[PDB]
Amino acid sequence: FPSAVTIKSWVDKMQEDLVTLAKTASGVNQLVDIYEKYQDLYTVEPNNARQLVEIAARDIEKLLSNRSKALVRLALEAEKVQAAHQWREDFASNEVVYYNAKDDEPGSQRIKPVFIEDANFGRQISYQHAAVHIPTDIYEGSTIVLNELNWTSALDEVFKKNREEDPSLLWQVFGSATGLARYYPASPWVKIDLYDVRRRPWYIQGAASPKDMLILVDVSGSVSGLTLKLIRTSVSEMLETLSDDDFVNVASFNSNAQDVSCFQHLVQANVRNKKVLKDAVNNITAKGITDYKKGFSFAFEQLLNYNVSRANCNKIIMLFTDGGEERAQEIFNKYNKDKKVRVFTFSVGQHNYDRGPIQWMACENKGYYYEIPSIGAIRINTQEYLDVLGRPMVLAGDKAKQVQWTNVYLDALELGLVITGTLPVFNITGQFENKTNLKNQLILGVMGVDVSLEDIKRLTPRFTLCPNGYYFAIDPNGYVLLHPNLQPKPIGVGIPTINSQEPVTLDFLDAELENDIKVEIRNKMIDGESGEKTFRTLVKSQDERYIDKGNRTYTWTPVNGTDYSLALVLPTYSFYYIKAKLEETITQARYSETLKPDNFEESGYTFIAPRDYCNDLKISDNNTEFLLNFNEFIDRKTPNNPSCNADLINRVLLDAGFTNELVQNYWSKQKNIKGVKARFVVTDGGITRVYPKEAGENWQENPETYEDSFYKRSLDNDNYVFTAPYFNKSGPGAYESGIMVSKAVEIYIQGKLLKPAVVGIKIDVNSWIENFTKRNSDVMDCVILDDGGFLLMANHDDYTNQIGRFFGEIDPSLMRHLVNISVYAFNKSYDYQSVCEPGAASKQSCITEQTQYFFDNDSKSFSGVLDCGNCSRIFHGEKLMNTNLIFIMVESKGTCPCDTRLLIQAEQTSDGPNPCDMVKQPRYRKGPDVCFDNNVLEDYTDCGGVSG
Ligand SMILES: *[C@@H]1O[C@H](CO)[C@@H](O[C@@H]2O[C@H](CO)[C@@H](O[C@@H]3O[C@H](CO)[C@@H](O[C@@H]4O[C@H](CO)[C@@H](O)[C@H](O)[C@H]4NC(C)=O)[C@H](O)[C@H]3NC(C)=O)[C@H](O)[C@H]2NC(C)=O)[C@H](O)[C@H]1NC(C)=O
Ligand SMILES: *[C@@H]1O[C@H](CO)[C@@H](O[C@@H]2O[C@H](CO)[C@@H](O[C@@H]3O[C@H](CO)[C@@H](O)[C@H](O)[C@H]3NC(C)=O)[C@H](O)[C@H]2NC(C)=O)[C@H](O)[C@H]1NC(C)=O
Ligand SMILES: *[C@@H]1O[C@H](CO)[C@@H](O[C@@H]2O[C@H](CO)[C@@H](O)[C@H](O)[C@H]2NC(C)=O)[C@H](O)[C@H]1NC(C)=O
Ligand SMILES: *[C@@H]1O[C@H](CO)[C@@H](O[C@@H]2O[C@H](CO)[C@@H](O)[C@H](O)[C@H]2NC(C)=O)[C@H](O)[C@H]1NC(C)=O
Ligand SMILES: *[C@@H]1O[C@H](CO)[C@@H](O[C@@H]2O[C@H](CO)[C@@H](O)[C@H](O)[C@H]2NC(C)=O)[C@H](O)[C@H]1NC(C)=O
Ligand SMILES: *[C@@H]1O[C@H](CO)[C@@H](O)[C@H](O)[C@H]1NC(C)=O
Ligand SMILES: *[C@@H]1O[C@H](CO)[C@@H](O)[C@H](O)[C@H]1NC(C)=O
Ligand SMILES: [Ca+2]
């Protein structure tokens with residue numbers, strides 16, 4: 001091949017022939033003057049990070065404090081009404097009136113509501129009464145249910161007062177310990193219905209304090225058969241009652257005690273850790289001699305570790321067995337002489353073995369005894385231990401009445417991602433005399449109010465910041481409360497197979513790329529500190545195909561109301577923004593005609609961003625429909641805009657004149673420029689003005705400019721960015737659409753560098769290959785590629801048919817050597833909110849690894865020898881300056897008859913990372929500071945064996 005000097009000269013002409021075309025046709029240099037000729041039409045305003053985070057954090061406190069006041073109002077009225085209730089035994093004479101949610105009966109009258117449609121909720125609701133959900137295995141009309149349906153009727157007059165005071169109030173619910181849930185407003189319930197209010201995460205978190213469960217499983221020979229698969233089901237059903245604040249481990253014993261999994265100590269019991277225990281429990285076999293002394297010694301020695309992260313709270317042992325004659329009093333007299341550990345015992349299956357020793361362990365230690373004779377008793381009996389664990393919480397008094405917020409989860413009544421407040425309700429009947437204390441140690445139920453994530457996202461406006469700026473808040477666990485990467489889909493825990501139940505818990509470090517600085521930031525935010533940090537990091541693009549570096553200025557502050565912490569990611573070139581200032585109406589009238597669809601023939605195809613201009617307008621998925629309503633809204637409404645905020649209206653209208661000016665003044669001068677398929681401009685305001693109206697059919701970008709991959713990618717780079725096309729019918733037209741070449745504009749007003757908009761062209765392939773010719777050879781092939789290894793041209797004209805495909809998919813030998821020569825670095829990450837086709841053993845959820853490639857260093861010239869084996873291939877690569885393109889000079893593939901394994905850049909389904917070694921060095925976290933257990937006044941004289 002020609003020497004380096006010849007290649008550099010040859011590629012310099014290509015650089016000078018491609019940059020010039022994009023520089024001139026698009027008009028980036030001439031758009032700055034437009035933004036600099038009309039300075040007095042706007043003004044620049046600062047974006048100070050410190051106030052922005054603290055303003056939003058204070059607003060989040062108020063929103064989370066309004067619902068706290070609504071919770072204490074409901075808990076107070078529920079307590080004082082239950083005391084006044086007089087227990088009855090007949091209801092035929094006095095029929096209770098209520099609306100049953102699950103319907104299309106003597107002893108209880110039903111209601112027929114109006115069910116008008118309403119916003120906020122996505123269903124038909126009725127603000128006149130509260131609906132009741134009764135589980136399908138709980139019989140309405142019983143004395144327990146009917147009595148609960150009576151005294152839980154004064155709650156409706158408190159439900160309306162909360163809604164009238166806070167019109168933005170979402171579901172207010174009362175989860176009763178009987179089993180029925182009463183929620184407001186009334187709506188019909190959402191195959192077979194298996195919903196139980198007592199098993200929901202918001203109910204379990206308010207019914208007891210965090211725990212340190214440790215399951216003991218009897219895997220001796222006597223449990224083989226039916227009673228072994230009941231034990232396996234019961235243990236799995238018990239693990240569903242553990243949140244991320246609880247730490248669990250599963251062990252087994254048959255003349256020898258050992259763990260069922262790879263953990264060997266208490267683990268955080270998140271979604272991934274619980275799936276490992278569920279997989280290991282299903283693979284146990286029943287054989288050997290039972291030995292309770294060695295099984296319990298192992299359990300007691302695992303609850304006394306204190307070397308790892310724990311909950312430092314309720315320490316319980318759940319023993320799943322059948323029966324026996326051994327009491328093991330010496331183990332209990334040695335390990336817990338002061339009874340710091342509760343023991344819960346379960347007798348699974350139908351058998352003739354002694355249960356006396358089993359019931360004895362549950363009475364000496366302050367626990368309970370449960371019986372599971374069939375598969376139908378598994379669900380009820382595996383959630384009743386929370387009644388015992390709540391005894392020290394009730395005796396606490398008003399100290400236990402602390403509002404708690406759950407993890408982000410999906411609402412049962414489909415409403416999106418929500419978090420729920422929580423407040424337990426105590427049975428305080430006969431409190432004046434304080435004499436009964438027999439059933440007053442249990443909670444009546446749990447109060448709860450839902451807060452949608454859209455409500456929180458409204459308190460953190462994002463349109464004043466650049467498209468690369470965003471807010472995010474995290475729990476004191478690392479889980480993000482709000483984040484741009486968080487999606488309303490369940491997370492995956494492995495590879496699915498075919499033969500709302502779990503929270504959407506996504507860590508902050510698993511939402512974006514993980515750095516050493518970000519780990520230090522995450523720990524500081526968890527502790528509840530304030531600070532800032534400016535650093536360089538590589539940020540993934542919108543489409544998981546590119547990675548680019550930039551400067552960020554993470555600023556975080558704590559939220560005083562709760563344990564959350566809020567941070568704002570503000571990059572450079574975003575500390576100032578253009579705020580439109582207007583005092584007339586002729587400019588608005590003049591700019592209104594620019595967006596008329598009938599004028600698109602001469603003004604270009606104009607898009608529009610579906611933002612919240614005001615509540616009267618309706619956001620739709622059809623831009624033409626929503627644009628049509630927008631243009632006949634500025635005029636049909638008075639310019640003062642009593643209900644529409646002028647900040648957003650002035651923003652789009654002002655850019656409607658700037659962008660149209662470029663179209664008319666310059667883009668209208670030339671209508672045919674070589675092989676330019678389309679000229680476009682995307683701005684911060686929200687209008688996109690692709691000039692050829694016919695070419696607008698090929699535009700397949702998001703109408704909202706903030707969610708455009710090329711917009712964010714071009715902002716960081718101070719050069720031209722080439723966007724590779726898609727492949728395999730992912731988009732319409734490979735050569736019928738062109739190659740996008742973005743370019744961000746930059747202006748200086750008063751010494752402040754700003755990036756309002758970007759422009760670009762869509763160069764045709766046919767007009768591009770002819771320039772590259774100066775061809776179908778069988779000796780060597782020359783192509784160009786992009787900061788990611790995607791093909792844009794070809795020499796053999798066989799790779800031309802696959803423009804926009806990863807380079808490693810067609811010539812892995814050279815591609816793999818490029819990584820080894822340090823020109824194309826890469827980093828991999830896991831995507832947990834992904835959907836994939838199932839395997840074999842209906843697209844389920846799974847973890848898919850992602851790989852992105854990028855330039856390693858700033859070196860321009862690359863050359864070397866590729867030794868594929870008994871061959872000699874020598875290449876030469878050169879970087880096209882002012883862009884992200886590189887040109888290589890390598891021989892043909894046919895010279896060396898070597899075909900190595902293909903290199904793939906796509907979402908490959910995986911199952912990692914391995915949690916076996918993740919628990920060895922877990923991420924930093926901070927547990928709750930409250931703890932309620934081992935109360936002296938606790939009765940604990942009511943186990944399940946004394947009665948029987
Ligand atoms: C909050 O706590 C209070 C008390 O602290 C609690 O009110 C008490 O409710 C029970 C019912 O569960 C009342 O018991 C009365 O006396 C006996 C005992 O149950 C009942 O007679 C039979 O009992 C058996 C149980 O073994 C039952 O199967 C049978 O159906 C009953 N009836 C028969 C055989 O005909 C009485 O029926 C029952 N009711 C009376 C006498 O009116 C206590 O008297 C209640 N205590 C007080 C002080 O009122 C209340 O339920 C708790 N809150 C909630 C939500 O449960
Ligand atoms: C448990 O079951 C019953 C279902 O409605 C309710 O009992 C009814 O309570 C009403 C209000 O207390 C009574 O109406 C008034 O009662 C007062 C008694 O102090 C008197 O003025 C009159 O009896 C009556 N007033 C009128 C008719 O103008 C009902 O009489 C009474 N029904 C029966 C059969 O006793 C309970 O309210 C209900 N509990 C809850 C919490 O809703
Ligand atoms: C959360 O509360 C803390 C105090 O508990 C607030 O800290 C204040 O910070 C300002 C700015 O330096 C000081 O002038 C105040 O004196 C501080 N408060 C106190 C009580 O000393 C913090 O601002 C609060 N966070 C938000 C977002 O409002
Ligand atoms: C952590 O676990 C170890 C092992 O169970 C505890 O015991 C120590 O073990 C190491 C290694 O043999 C040595 O330091 C001593 O033999 C043991 N005692 C001490 C005081 O270290 C250990 O106590 C646990 N806790 C800590 C903080 O190490
Ligand atoms: C992203 O990729 C970079 C480059 O491939 C990696 O960071 C490099 O890691 C090696 C090994 O520790 C260091 O010798 C280099 O100095 C690093 N490059 C830097 C810091 O620019 C790593 O895979 C990713 N970078 C992260 C996670 O920060
Ligand atoms: C509710 O919260 C808002 C701020 O989000 C606050 O201004 C208001 O006072 C609170 N209370 C009511 C009744 O609106
Ligand atoms: C699409 O499937 C694979 C994936 O890229 C590709 O190799 C194949 O050639 C494509 N098939 C068609 C018909 O385009
Ligand atoms: Ca046995």
# chains A, B, ... in the order shown; residues from 1 in each chain; ligands from 1
>>> residues_near_ligand(ligand="ligand 8", cutoff="7 Å", atoms="only C-alpha atoms and all ligand atoms", output="PDB file with C-alpha atoms, in the first residue's frame")
ATOM      1  CA  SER A 220     -33.840 -35.731  56.755  1.00  0.00           C
ATOM      2  CA  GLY A 221     -35.225 -38.880  55.173  1.00  0.00           C
ATOM      3  CA  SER A 222     -38.629 -38.691  56.859  1.00  0.00           C
ATOM      4  CA  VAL A 223     -39.584 -35.533  54.922  1.00  0.00           C
ATOM      5  CA  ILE A 289     -30.867 -38.873  60.086  1.00  0.00           C
ATOM      6  CA  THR A 290     -32.368 -35.755  61.643  1.00  0.00           C
ATOM      7  CA  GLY A 324     -39.711 -35.613  66.377  1.00  0.00           C
TER       8      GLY A 324
END
>>> residues_near_ligand(ligand="ligand 5", cutoff="8 Å", atoms="only C-alpha atoms and all ligand atoms", output="JSON, numbers by chain")
{"A": [513, 514, 515, 516, 537, 538, 825, 826, 827, 828, 856]}
>>> write_last_selection(atoms="N, CA and C atoms", output="compact mmCIF listing (two decimals), in the first residue's frame")
# COMPACT_ATOMS: atom_id res chain seq x y z
N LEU A 513 -22.86 4.59 33.95
CA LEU A 513 -21.54 3.97 33.99
C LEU A 513 -20.89 4.19 35.35
N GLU A 514 -20.18 3.18 35.83
CA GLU A 514 -19.60 3.18 37.16
C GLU A 514 -18.16 3.68 37.11
N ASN A 515 -17.85 4.65 37.97
CA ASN A 515 -16.52 5.22 38.08
C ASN A 515 -16.05 5.13 39.53
N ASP A 516 -14.76 5.37 39.74
CA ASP A 516 -14.24 5.45 41.10
C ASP A 516 -14.75 6.70 41.81
N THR A 537 -15.70 12.29 32.90
CA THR A 537 -16.21 10.92 32.86
C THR A 537 -16.77 10.65 31.48
N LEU A 538 -16.86 9.36 31.14
CA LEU A 538 -17.43 8.92 29.88
C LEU A 538 -18.90 8.58 30.09
N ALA A 825 -10.86 1.63 22.63
CA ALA A 825 -11.19 1.15 23.96
C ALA A 825 -12.67 0.80 24.04
N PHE A 826 -13.05 0.08 25.09
CA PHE A 826 -14.44 -0.32 25.26
C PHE A 826 -14.71 -0.59 26.73
N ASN A 827 -15.98 -0.45 27.10
CA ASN A 827 -16.43 -0.77 28.45
C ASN A 827 -17.80 -1.43 28.37
N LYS A 828 -18.00 -2.46 29.19
CA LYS A 828 -19.23 -3.23 29.19
C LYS A 828 -20.03 -2.94 30.45
N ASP A 856 -9.46 5.54 22.03
CA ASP A 856 -8.65 5.41 23.23
C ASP A 856 -7.89 6.70 23.54
>>> residues_around(residues="range 897-909 of chain A", least_positions_apart="4", cutoff="7 Å", atoms="only C-alpha atoms", output="PyMOL selection string")
chain A and resi 806+808-809+812-813+846-851+868
>>> write_last_selection(atoms="N, CA, C and O atoms", output="PDB file, in the first residue's frame")
ATOM      1  N   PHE A 806     -21.688  -3.182  12.628  1.00  0.00           N
ATOM      2  CA  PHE A 806     -20.444  -3.208  13.385  1.00  0.00           C
ATOM      3  C   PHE A 806     -19.330  -3.849  12.567  1.00  0.00           C
ATOM      4  O   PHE A 806     -19.539  -4.848  11.873  1.00  0.00           O
ATOM      5  N   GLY A 808     -16.670  -5.463  13.548  1.00  0.00           N
ATOM      6  CA  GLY A 808     -16.277  -6.780  14.016  1.00  0.00           C
ATOM      7  C   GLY A 808     -17.155  -7.912  13.531  1.00  0.00           C
ATOM      8  O   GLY A 808     -16.764  -9.077  13.670  1.00  0.00           O
ATOM      9  N   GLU A 809     -18.323  -7.604  12.975  1.00  0.00           N
ATOM     10  CA  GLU A 809     -19.231  -8.622  12.467  1.00  0.00           C
ATOM     11  C   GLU A 809     -18.872  -9.104  11.068  1.00  0.00           C
ATOM     12  O   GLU A 809     -19.435 -10.104  10.612  1.00  0.00           O
ATOM     13  N   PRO A 812     -13.524  -9.818  11.769  1.00  0.00           N
ATOM     14  CA  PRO A 812     -13.086  -9.822  13.175  1.00  0.00           C
ATOM     15  C   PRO A 812     -11.579  -9.772  13.355  1.00  0.00           C
ATOM     16  O   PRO A 812     -11.109  -9.297  14.396  1.00  0.00           O
ATOM     17  N   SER A 813     -10.808 -10.256  12.378  1.00  0.00           N
ATOM     18  CA  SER A 813      -9.359 -10.337  12.546  1.00  0.00           C
ATOM     19  C   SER A 813      -8.742  -8.956  12.731  1.00  0.00           C
ATOM     20  O   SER A 813      -7.915  -8.748  13.625  1.00  0.00           O
ATOM     21  N   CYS A 846     -34.949  -9.946  31.385  1.00  0.00           N
ATOM     22  CA  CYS A 846     -33.638 -10.565  31.531  1.00  0.00           C
ATOM     23  C   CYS A 846     -32.581  -9.475  31.637  1.00  0.00           C
ATOM     24  O   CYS A 846     -32.832  -8.305  31.337  1.00  0.00           O
ATOM     25  N   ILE A 847     -31.393  -9.880  32.070  1.00  0.00           N
ATOM     26  CA  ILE A 847     -30.229  -9.002  32.097  1.00  0.00           C
ATOM     27  C   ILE A 847     -29.455  -9.191  30.801  1.00  0.00           C
ATOM     28  O   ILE A 847     -29.101 -10.318  30.437  1.00  0.00           O
ATOM     29  N   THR A 848     -29.193  -8.092  30.100  1.00  0.00           N
ATOM     30  CA  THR A 848     -28.475  -8.122  28.834  1.00  0.00           C
ATOM     31  C   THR A 848     -27.233  -7.250  28.935  1.00  0.00           C
ATOM     32  O   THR A 848     -27.328  -6.069  29.282  1.00  0.00           O
ATOM     33  N   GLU A 849     -26.078  -7.833  28.636  1.00  0.00           N
ATOM     34  CA  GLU A 849     -24.838  -7.075  28.623  1.00  0.00           C
ATOM     35  C   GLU A 849     -24.781  -6.166  27.400  1.00  0.00           C
ATOM     36  O   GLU A 849     -25.292  -6.496  26.327  1.00  0.00           O
ATOM     37  N   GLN A 850     -24.153  -5.007  27.574  1.00  0.00           N
ATOM     38  CA  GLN A 850     -23.996  -4.032  26.506  1.00  0.00           C
ATOM     39  C   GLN A 850     -22.526  -3.672  26.362  1.00  0.00           C
ATOM     40  O   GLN A 850     -21.819  -3.503  27.360  1.00  0.00           O
ATOM     41  N   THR A 851     -22.071  -3.556  25.118  1.00  0.00           N
ATOM     42  CA  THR A 851     -20.691  -3.201  24.815  1.00  0.00           C
ATOM     43  C   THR A 851     -20.678  -1.981  23.911  1.00  0.00           C
ATOM     44  O   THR A 851     -21.400  -1.938  22.910  1.00  0.00           O
ATOM     45  N   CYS A 868      -2.412 -13.222  11.423  1.00  0.00           N
ATOM     46  CA  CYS A 868      -3.536 -14.126  11.633  1.00  0.00           C
ATOM     47  C   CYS A 868      -3.121 -15.591  11.661  1.00  0.00           C
ATOM     48  O   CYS A 868      -3.972 -16.454  11.899  1.00  0.00           O
TER      49      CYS A 868
END
>>> select_by_dssp(residues="range 656-811 of chain A", states="helix (DSSP H, G or I)", output="ChimeraX atom specification")
/A:656-667,694-698,705-707,709-716,766-773,800-802,807-809
>>> residues_near_ligand(ligand="ligand 7", cutoff="8 Å", atoms="only C-alpha atoms and all ligand atoms", output="PDB file with C-alpha atoms, in the first residue's frame")
ATOM      1  CA  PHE A 727     -29.480  -2.355  10.060  1.00  0.00           C
ATOM      2  CA  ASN A 728     -31.880  -5.228   9.352  1.00  0.00           C
ATOM      3  CA  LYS A 729     -34.979  -3.066   8.797  1.00  0.00           C
TER       4      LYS A 729
END
>>> closest_residue(among="A:456, A:155, A:567, A:919", to="ligand 3", atoms="only C-alpha atoms and all ligand atoms")
A:567
>>> residues_near_ligand(ligand="ligand 6", cutoff="10 Å", atoms="only C-alpha atoms and all ligand atoms", output="list in words")
residues 56, 58, 59, 60, 61, 62, 63, 64, 65, 66, 67, 69, 70, 162, 163, 164, 165, 166, 167, 168, 455, 456 and 459 of chain A
>>> residues_near_ligand(ligand="ligand 1", cutoff="8 Å", atoms="only C-alpha atoms and all ligand atoms", output="ChimeraX atom specification")
/A:82-83,85-89,143-144,147-148,177-178,427-430,436-440,444
>>> closest_atom_pairs(of="chain A", to="ligand 4", cutoff="7 Å", atoms="only C-alpha atoms and all ligand atoms", output="JSON lines")
{"residue": "A:305", "atom": "CA", "partner": "ligand 4", "partner_atom_place_in_ligand_line": "1 (C)", "distance": 6.8}
{"residue": "A:306", "atom": "CA", "partner": "ligand 4", "partner_atom_place_in_ligand_line": "25 (N)", "distance": 6.7}
{"residue": "A:307", "atom": "CA", "partner": "ligand 4", "partner_atom_place_in_ligand_line": "1 (C)", "distance": 5.0}
>>> residues_around(residues="range 472-485 of chain A", least_positions_apart="5", cutoff="7 Å", atoms="only C-alpha atoms", output="list in words")
residues 408, 505, 506, 507, 508, 511, 526, 563, 564, 565, 566, 567, 568, 925 and 926 of chain A
>>> write_last_selection(atoms="C-alpha atoms", output="mmCIF file, in the first residue's frame")
data_model
loop_
_atom_site.group_PDB
_atom_site.id
_atom_site.type_symbol
_atom_site.label_atom_id
_atom_site.label_comp_id
_atom_site.auth_asym_id
_atom_site.auth_seq_id
_atom_site.Cartn_x
_atom_site.Cartn_y
_atom_site.Cartn_z
ATOM 1 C CA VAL A 408 -40.263 2.234 43.892
ATOM 2 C CA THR A 505 -35.015 -1.619 42.771
ATOM 3 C CA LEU A 506 -32.286 -0.207 40.511
ATOM 4 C CA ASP A 507 -28.991 0.863 42.058
ATOM 5 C CA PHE A 508 -27.455 4.227 41.216
ATOM 6 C CA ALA A 511 -28.173 3.081 36.139
ATOM 7 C CA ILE A 526 -26.101 8.105 51.251
ATOM 8 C CA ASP A 563 -33.815 9.746 54.189
ATOM 9 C CA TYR A 564 -33.662 10.607 50.475
ATOM 10 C CA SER A 565 -30.857 12.617 48.880
ATOM 11 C CA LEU A 566 -31.231 14.689 45.707
ATOM 12 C CA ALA A 567 -28.487 15.487 43.195
ATOM 13 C CA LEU A 568 -28.331 17.476 39.956
ATOM 14 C CA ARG A 925 -25.506 1.121 52.566
ATOM 15 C CA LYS A 926 -27.150 2.585 55.663
#
>>> residues_near_ligand(ligand="ligand 3", cutoff="6 Å", atoms="only C-alpha atoms and all ligand atoms", output="JSON, numbers by chain")
{"A": [54, 57, 58, 559, 560]}
>>> residues_near_ligand(ligand="ligand 2", cutoff="8 Å", atoms="only C-alpha atoms and all ligand atoms", output="list in words")
residues 81, 82, 84, 85, 86, 93, 94, 95, 96, 147, 150, 151, 152, 153 and 154 of chain A
>>> write_last_selection(atoms="C-alpha atoms", output="short mmCIF file (atom, residue, chain, number, x, y, z; two decimals), in the first residue's frame")
data_model
loop_
_atom_site.label_atom_id
_atom_site.label_comp_id
_atom_site.auth_asym_id
_atom_site.auth_seq_id
_atom_site.Cartn_x
_atom_site.Cartn_y
_atom_site.Cartn_z
CA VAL A 81 -63.48 4.72 65.82
CA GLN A 82 -62.39 1.12 66.46
CA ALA A 84 -66.09 2.99 70.00
CA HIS A 85 -67.10 -0.08 67.96
CA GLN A 86 -69.38 -2.56 69.74
CA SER A 93 -81.22 -7.12 60.63
CA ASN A 94 -78.46 -4.51 60.19
CA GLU A 95 -77.04 -4.97 56.70
CA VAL A 96 -73.74 -3.22 56.00
CA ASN A 147 -67.55 -6.27 61.85
CA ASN A 150 -68.82 -1.61 59.82
CA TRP A 151 -66.24 0.37 61.79
CA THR A 152 -64.25 1.00 58.60
CA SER A 153 -67.01 3.24 57.27
CA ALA A 154 -66.08 6.43 59.13
#
>>> residues_around(residues="residue 254 in chain A", least_positions_apart="5", cutoff="10 Å", atoms="only C-alpha atoms", output="list in words")
residues 217, 218, 219, 220, 221, 286, 287, 288, 289, 290, 291, 292, 294 and 295 of chain A
